[PDB]
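# Overview (structure and organization)
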Amino acid sequence: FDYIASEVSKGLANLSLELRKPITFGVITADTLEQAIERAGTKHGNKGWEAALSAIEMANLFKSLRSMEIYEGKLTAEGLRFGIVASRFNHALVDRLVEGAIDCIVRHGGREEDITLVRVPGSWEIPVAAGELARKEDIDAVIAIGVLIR
Amino acid sequence: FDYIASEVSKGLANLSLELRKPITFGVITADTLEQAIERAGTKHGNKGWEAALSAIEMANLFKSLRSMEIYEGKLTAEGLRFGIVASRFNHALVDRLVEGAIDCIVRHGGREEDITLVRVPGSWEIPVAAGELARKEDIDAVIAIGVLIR
Amino acid sequence: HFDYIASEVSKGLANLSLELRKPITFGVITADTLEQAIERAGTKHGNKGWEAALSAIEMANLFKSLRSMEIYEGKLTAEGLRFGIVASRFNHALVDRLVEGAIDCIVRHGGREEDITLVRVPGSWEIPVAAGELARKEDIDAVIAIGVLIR
Amino acid sequence: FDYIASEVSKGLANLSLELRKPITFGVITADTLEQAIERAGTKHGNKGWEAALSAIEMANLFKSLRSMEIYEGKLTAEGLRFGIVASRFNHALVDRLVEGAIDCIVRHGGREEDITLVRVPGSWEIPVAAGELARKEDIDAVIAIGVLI
Amino acid sequence: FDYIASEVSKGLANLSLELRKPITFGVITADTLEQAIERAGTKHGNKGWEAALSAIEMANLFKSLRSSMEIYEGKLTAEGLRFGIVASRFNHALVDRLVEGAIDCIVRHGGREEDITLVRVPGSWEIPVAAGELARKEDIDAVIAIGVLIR
Amino acid sequence: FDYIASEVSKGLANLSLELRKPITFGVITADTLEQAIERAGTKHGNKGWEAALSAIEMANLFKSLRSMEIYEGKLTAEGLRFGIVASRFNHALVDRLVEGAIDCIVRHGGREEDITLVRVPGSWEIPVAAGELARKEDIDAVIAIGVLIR
Amino acid sequence: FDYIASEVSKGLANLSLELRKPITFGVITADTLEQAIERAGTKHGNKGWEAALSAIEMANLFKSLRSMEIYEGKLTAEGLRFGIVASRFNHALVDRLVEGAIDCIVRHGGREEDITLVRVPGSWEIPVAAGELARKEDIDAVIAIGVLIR
Amino acid sequence: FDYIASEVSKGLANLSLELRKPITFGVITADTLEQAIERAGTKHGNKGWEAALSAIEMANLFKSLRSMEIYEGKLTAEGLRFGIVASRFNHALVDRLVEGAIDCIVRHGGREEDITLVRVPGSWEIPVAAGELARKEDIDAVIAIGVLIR
């Protein structure tokens, strides 16, 4: 449970730096399933909801980036395209996180036609699968959603 | 304390219903300054930030109102004008809430050019000032920011 | 501020009903513990949404027929009437239960889901101000307010 | 838990002040069942009887008003018009209260032809229902009858 | 209290299956008059109100019965339906309340008082035989039996 | 008791503000009989006497209103037309308070020809009864006399 | 509870004998709610699951029935049509019971389009509704599902 | 002592919202006379002094009201006209508060020729009396001064 968590963290960071595209680390790491529930305990501040919010800000920031000069990202998600990769194990909480992230995009102006969802068997395969979506020229940001119970 | 809080709450409610304009009650009431510090710094976001978010949703919902039909408020505030009333007493926390409210409105797309801010000396004078801002035609939402310490 | 909100909600809805001259049912569950809200949302015989919708149908028919001796009362045939439901978002797990119960009662009494307008609000404070617009719309015959207040 | 009781009391009082028309508050408030049963008895008469008597007295006072001048109303209700609004909850006692109220109006010279009765299912809907009869120009007095357990 | 209650329940059930027509068992069986008062006092409506509601639902269900899977349910719109009611006479203090509740339920649910037939019997022993005649009438869509059984 | 007292207080206050006419709140709110007896049987301390005196000062204030300027009401009751409403329930103390109020006005120069008395069956209908007396242009002040036993 | 349970059981038995069609008695009789929870807590298939299995076997038996010869029914659900009467009372447990019956029929190869489901208000109305379901020609087996709380 | 305090608070708030004119709530509510003294314990921060300061700011704010837009009131009280209503009961502290409020106006530039003082018998009559001054077109702000001992 330690190898997988370390590897996915390293892979996501390396992909983001190499490909120059925002990747959000929406991965739940909990030792107990109860704590994993509390990370998405019926609150609107779900892990997927917060990750989607950060992804929208990062994408808008890179659109402009690519007194003094101040750069920051808006939350206007309209006209943007996002990719989402979700793990399969323990899908009871995974589905909740996916719904929250999709809700955040739609509520802030995103369209479901520009949202691509990919499902993977295990969290170990998240980085390799997300690499394809990140390398796609028609993707502005990538959100990785998973759960790791120890 | 209790009487003042009751007066401002009923005053804002009466103004909202009569004037037909969304008004958010971003007034934090606490018996101890320690509780006020908790409700002002880094707990689940600034209360002014939360109140600004609620005001944005209500403003868009009213704009829309102007199977089964479902009505909901979009969180994008492009072209929506807002008015903020802030107390002066305990400006250490009041300025914190004003920072959160302005940050929410600006980062959600609303330009700061259309934001009007009015300062009042005490919490007792919030309803009367909001009575003028709400009666202005070019105001789409009113946010009241105040602190009540017992 | 549970007490302040509950008092404000009751006062606002009552004043709206008198001023706007249109029935507004108060389907709000006020509880201090989550268990009491679960008890009312468990549909042991019927949830408050079912009961509030039932009362609203009679009120709409009564005003339809009103607007020895004379006795005025409303029937429970909900066909041909349109309803406006305002649902809070806080504790939406129980709110969805109440909304489903109210819709079920209206549908079973001859109503159609096409003639039901649903409005979502973020907080209980925004229930009165949002409900006012639906009541002012002349095509709406009744207003149902559904919400939960936990202390 | 008395939010409904507070709302109906405030609504009725404000209606009377706004429209300048007498409204009688014949509502029994009791958290226990037996006290409501006692108030529906005949030891002091039914509350509907007392409410109807108050409406008659107040209506005559309004008609007369609109050494020291003294204004008071008689208990004769010939030729007047009354609007009675009653709830259905706990109708086992509400029916007797309504019967007593109508009995008082009829036996005090009033005619049932002018008695207009409005039926509501919940006590929350008493003020809004009264908003119609009270706004009618041909209603001399409004009576509100309800039970709150 | 024992034999009479068993016979009336068995007789109504046998008539319902034989004639294939809904028959509601609105019979209050109590060992003490206080229990009768509990079922006579308003508990979300009197037993007659519930019995009439059940009769309406069953009648519409039979009317329908005579995408993924066919689901049939009964609506509460009693328009154009004819009902027959049989009631006992003993303990008429509560019996009149029950029959008034049942009549009020049918009327307020869109039904017309013209299409309601009422038959009175001296004791509960004569309920099944009268119910059989009303059920065998072709112009009857449902039968409601109202009675009280005090031990 | 609680509902009746709150409604009477709010009703008289709203009528006074709306009609801009002085109205005195001479209502005894006691939980026990002895307390009301003390307040309606004080040695030269009748509440009706005190309420009438207050009405005299208010009327003299409004007649004038309608270094620095100072406005005050003189305690002379001459030339004032009063209106009095008296509850019928618990008439034992109501009559005492009415007599005390009449004594105060007459001993200050009031004429019984200028006092109009109206009786109300219950304390609930005091506000509506006083609402008509205050609406006559020839009435200078309104005095409400009532008793509330808990 | 005694009269209801006895009459329901007797009526269903008489209907089965008269109409010559399989009717299974999936009515759970309990004094308290604990017996209902344990018998519906997906132990190895609820009462509805078992009743559906019994109905399928009986339907297969009558398909062919209606040295020595031995007749028995297999556990195939293809080509068989079922009607289910479900009580509305305590629908929180009724849904689990009816779902178990549906799962047994579907997983035995049965198709959902042959299942006709009807809801009844009370347990007393179960026999009369079951009579119409069995009397229809296109119905092969009848399942009665109800909960009796004492 | 509770009815009077609630009624005067409601009356002042309603008058301010209805008439659109600043009204300052300089009313002392203390359970003990010692605490009432401490609210004006020889300090320059008296209740009347603070109320006058708030009144000056509110009046200047409304004069202008009737990057972004920021509105706030100055303390320049010159050329303004104020009305003061003071209760009579317990005048030992009332006179101190009145002197403090007058001192604040004069010290910040106000003139005694534009200050109108009205004295009322009891605190219950403060709202009705203040309504006249508030409705006067030659009054910019109204200050209500009173003491309530419980």
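Conventions we followed
- Residues numbered from 1 in each chain as written, not as in the entry; some residues may be left out.
- Chains lettered and ligands numbered in written order.
- Part of a larger assembly, values for the part shown.
- Heavy atoms only, no water.
- Residues with missing side-chain atoms left out of burial classes, pairs and counts.
- UniProt positions renumbered as here; feature names shortened; annotations may be inferred.
- Helix = DSSP H or I, 4+ residues; strand = E, 2+ residues; numbered from the N terminus.
- Contact = heavy atoms within 4.5 Å.
- Buried area = accessible area lost by both parts, 1.4 Å probe.
- Salt bridge = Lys/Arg side-chain N within 4 Å of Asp/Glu carboxyl O.
- Polar contact = N/O pair within 3.5 Å; in protein donor to acceptor, adjacent residues only side chain to side chain.
- Nonpolar A, V, L, I, M, F, W, Y, C, P; charged D, E, K, R; others polar.
- Pairing = 2+ DSSP bridges.
- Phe/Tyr/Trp six-rings, centres within 6.5 Å; stacked < 30°, edge-to-face > 60°.
- Buried < 20%, exposed > 50% of the residue type's maximum accessible area, 1.4 Å probe, protein only.
- Axes fitted to C-alpha atoms, helices over the stretch in contact; angles between N-to-C directions.

As summarised from the PDB record, the model derives from cryo-EM at a stated resolution of 4.2 Å.

UniProt lists a comment for chain A under the heading Subunit, and it reads "Forms an icosahedral capsid composed of 60 subunits, arranged as a dodecamer of pentamers." Looking at chain A in UniProt, the text filed under Sequence similarities is "Belongs to the DMRL synthase family."

Word for word, the UniProt comment on chain C under Function is "Catalyzes the formation of 6,7-dimethyl-8-ribityllumazine by condensation of 5-amino-6-(D-ribitylamino)uracil with 3,4-dihydroxy-2-butanone 4-phosphate. This is the penultimate step in the biosynthesis of riboflavin."

As a further point, take unusual backbone geometry. Trans peptide bonds make up the majority, and among non-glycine residues the majority have a negative phi. Positive phi is not limited to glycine here, since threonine 42 of chain B has a value of about 50°. Mapped onto the elements of the fold, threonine 42 of chain B is located in the loop between α2 (33–38) and α3 (47–65). For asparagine 90 of chain H, which is not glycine, the phi torsion reads 55° and is therefore positive. On the secondary structure map, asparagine 90 of chain H appears in the loop between β3 (82–87) and α4 (91–107).

Turning next to the interface of chain C and chain D. On the chain D side, the residues contacting the 26 residues of chain C number 25 residues. Summed over both sides, the interface of chain C with chain D buries roughly 2400 Å², with 63% coming from carbon and sulfur. Linking chain C with chain D are four salt bridges. Note that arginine 88 of chain D is salt-bridged to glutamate 73 of chain C, the shortest N-O span being 3.2 Å. For the interface between chain C and chain D, the tally reads 10 residue pairs in polar contact. Sorting the residues of the side of chain C that touches chain D by element identifies α1 (2–20), β1 (24–31), α3 (48–66) and β2 (70–72) of chain C as the ones contributing at least two each. Among the elements that take part in the side of chain C that touches chain D, α1 of chain C stands out by supplying nine residues, more than any other. Partitioning the side of chain C that touches chain D into residue classes produces 13 nonpolar, six polar and seven charged. Note that β2 of chain C and strand β4 (residues 115–120) of chain D share three bridges and pair parallel. When the sheet's bridge partners are listed, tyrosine 72 of chain C is paired in β4 of chain D with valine 118 of chain D.

One pass over the structure, following the stated rule, counts six aromatic pairs over all chains. Consider the rings of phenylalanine 25 of chain B and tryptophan 125 of chain C, whose centres lie 5.6 Å apart with planes at 20°: the pair is stacked. Within this pair, whereas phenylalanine 25 of chain B is found in strand β1 (residues 23–30), its partner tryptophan 125 of chain C is found in the loop between β4 (116–121) and α5 (126–136), the two belonging to separate chains. Residue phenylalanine 25 of chain B is classed as partly exposed on the basis of its relative accessible area, which comes to 23%. What makes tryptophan 125 of chain C buried here is its relative accessible area of 8%.

What follows deals with the interface of chain D and chain E. With four residues of chain D in contact, the opposing surface of chain E contributes four residues. Between chain D and chain E the total buried area reaches about 360 Å² when both faces are included, carbon and sulfur atoms providing 41% of it. Sorting the residues of chain D by area buried against chain E places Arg88, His91 and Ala92 of chain D first, and these three jointly supply 82% of that buried surface. In this structure, the connection of chain D to chain E is made through zero salt bridges. Inspection of the region where chain D meets chain E yields two residue pairs in polar contact. By residue class, the composition of the side of chain D that touches chain E is one nonpolar, two polar and one charged.

This paragraph deals with the environment of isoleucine 115 of chain D. Residue position: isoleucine 115 of chain D is located in strand β4. If sequence neighbours within four positions are ignored, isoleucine 115 of chain D has contacts with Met69 and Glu70 of chain C together with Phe82, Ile84, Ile102, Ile105 and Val106 of chain D.

This brings us to the sheet that holds strand β1 (residues 23–30) of chain E. All names here are of chain E. Strand order in the open sheet formed by four strands is β1-β5-β3-β4, and the pairing between neighbours is parallel. Two strands bound the open sheet, and with one partner strand each, they are β1 and β4 (116–121). Here the average twist between neighbouring strands, direction ignored, is 15°. As judged from the five bridges shared by strand β3 (residues 83–88) and strand β5 (residues 142–150), these two strands associate in the parallel manner. Considered in β5, the bridge of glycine 84 is made with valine 143.

Now for the pattern of salt bridges. By the definition in use, this model includes 55 salt bridges over all chains. The salt bridge partner of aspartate 138 of chain A is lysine 136 of chain A, with a shortest N-O separation of 3.7 Å. Judged by its relative accessible area of 37%, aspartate 138 of chain A is partly exposed. Its relative accessible area of 35% is what places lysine 136 of chain A among the partly exposed residues. Residue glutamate 113 of chain D pairs with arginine 111 of chain D through a salt bridge whose shortest N-O separation is 3.1 Å. What emerges from the salt-bridge pattern is a single network uniting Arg81, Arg111, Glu113 and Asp114 of chain D.

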